[PDB]
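Visitor:
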Amino acid sequence: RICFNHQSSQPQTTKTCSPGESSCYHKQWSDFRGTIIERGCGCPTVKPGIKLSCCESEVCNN
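Position in the sequence shown (from 1) plus 251 gives the number in our numbering.
1. From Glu272 to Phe283, what does the alpha carbon distance come to, in whole angstroms?
2. What residues in its chain sit with their C-beta under 7 Å from that of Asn313, if we drop five residues either side in the sequence?
3. Short check: CB of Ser274 to CB of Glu307, under 7 Å?
4. Is the beta carbon of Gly300 closer than 7 Å to that of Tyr276?
5. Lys302 to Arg252, Cα distance in whole Å?
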(Lines of atoms letter the chains of each structure in order from A and count residues from 1; the text may use other names and numbers.)
(Lines give C-alpha, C1' and ligand atoms only; values in the text may rest on other atoms or scores of the structure.)
Protein backbone atom coordinates (compact mmCIF):
# COMPACT_ATOMS: atom_id res chain seq x y z
CA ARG A 1 0.00 0.00 0.00
CA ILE A 2 1.62 3.22 -1.18
CA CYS A 3 0.49 6.82 -1.49
CA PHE A 4 2.08 9.90 -3.01
CA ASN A 5 2.97 12.55 -0.41
CA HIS A 6 3.78 15.75 -2.33
CA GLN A 7 1.78 18.52 -4.05
CA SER A 8 1.74 20.66 -7.18
CA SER A 9 4.82 19.51 -9.14
CA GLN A 10 7.95 19.07 -6.98
CA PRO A 11 9.61 15.66 -7.46
CA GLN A 12 7.02 13.02 -6.60
CA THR A 13 7.64 11.19 -3.36
CA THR A 14 5.96 8.05 -2.02
CA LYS A 15 5.02 7.14 1.51
CA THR A 16 3.93 3.72 2.66
CA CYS A 17 0.65 4.06 4.54
CA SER A 18 1.33 4.23 8.28
CA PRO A 19 -0.07 1.75 10.82
CA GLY A 20 -3.84 2.00 11.06
CA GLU A 21 -3.79 4.06 7.88
CA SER A 22 -4.32 2.07 4.68
CA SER A 23 -6.11 4.34 2.21
CA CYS A 24 -5.04 6.89 -0.36
CA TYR A 25 -6.48 10.35 -0.98
CA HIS A 26 -6.15 13.00 -3.61
CA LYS A 27 -7.24 16.52 -2.80
CA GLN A 28 -7.25 18.63 -5.98
CA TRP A 29 -8.44 22.22 -6.19
CA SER A 30 -7.27 25.60 -7.50
CA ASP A 31 -6.93 28.86 -5.59
CA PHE A 32 -4.79 32.01 -5.71
CA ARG A 33 -1.53 30.13 -6.31
CA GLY A 34 -3.11 28.09 -9.07
CA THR A 35 -3.91 24.37 -9.33
CA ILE A 36 -3.30 23.08 -5.78
CA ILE A 37 -3.03 19.33 -5.12
CA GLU A 38 -2.63 17.73 -1.71
CA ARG A 39 -2.26 13.99 -1.27
CA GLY A 40 -1.40 11.19 1.21
CA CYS A 41 -2.72 8.08 3.00
CA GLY A 42 -6.25 8.31 4.41
CA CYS A 43 -9.34 10.31 3.43
CA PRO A 44 -9.79 13.54 5.44
CA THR A 45 -12.59 16.11 5.17
CA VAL A 46 -12.53 19.20 2.94
CA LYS A 47 -14.20 22.54 2.28
CA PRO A 48 -17.20 22.86 -0.09
CA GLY A 49 -15.85 23.00 -3.65
CA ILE A 50 -12.55 21.13 -3.27
CA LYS A 51 -12.50 17.80 -5.12
CA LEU A 52 -11.56 14.81 -2.95
CA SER A 53 -10.83 11.51 -4.70
CA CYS A 54 -10.24 8.61 -2.30
CA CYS A 55 -9.19 5.10 -3.27
CA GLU A 56 -8.33 2.14 -1.04
CA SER A 57 -5.59 1.01 -3.39
CA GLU A 58 -1.88 1.68 -3.81
CA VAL A 59 -0.55 4.84 -5.51
CA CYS A 60 -3.78 6.62 -6.52
CA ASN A 61 -3.10 10.33 -5.81
CA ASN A 62 -0.22 11.15 -8.09
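Ideal Cβ positions, reconstructed from N, Cα and C, are used throughout, including at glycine.
Guide: A quick look at the data gives this:
1. For the purposes of this step, residue 272 is taken as the residue at position 21 of the sequence shown. For the purposes of this step, residue 283 is taken as the residue at position 32 of the sequence shown. The C-alpha of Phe283 is placed about 31 Å away from the C-alpha of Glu272.
2. The residue you call residue 313 lines up with position 62 of the sequence shown. A distance below 7 Å between beta-carbons, with the five flanking residues on each side excluded, links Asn313 to the following residues of its chain, in chain order: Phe255, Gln263.
3. Counting from one through the sequence shown, the residue named residue 274 turns up at place 23. Counting from one through the sequence shown, the residue named residue 307 turns up at place 56. Yes, these two residues count as a Cβ contact at 7 Å.
4. Your numbering for residue 276 matches position 25 in the sequence shown. Your numbering for residue 300 matches position 49 in the sequence shown. Not in contact: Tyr276 and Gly300 (Cβ atoms no closer than 7 Å).
5. Locating residue 302 in the sequence shown gives position 51, counting from the first residue. Locating residue 252 in the sequence shown gives position 1, counting from the first residue. Approximately 22 Å between the Cα atoms of the pair.
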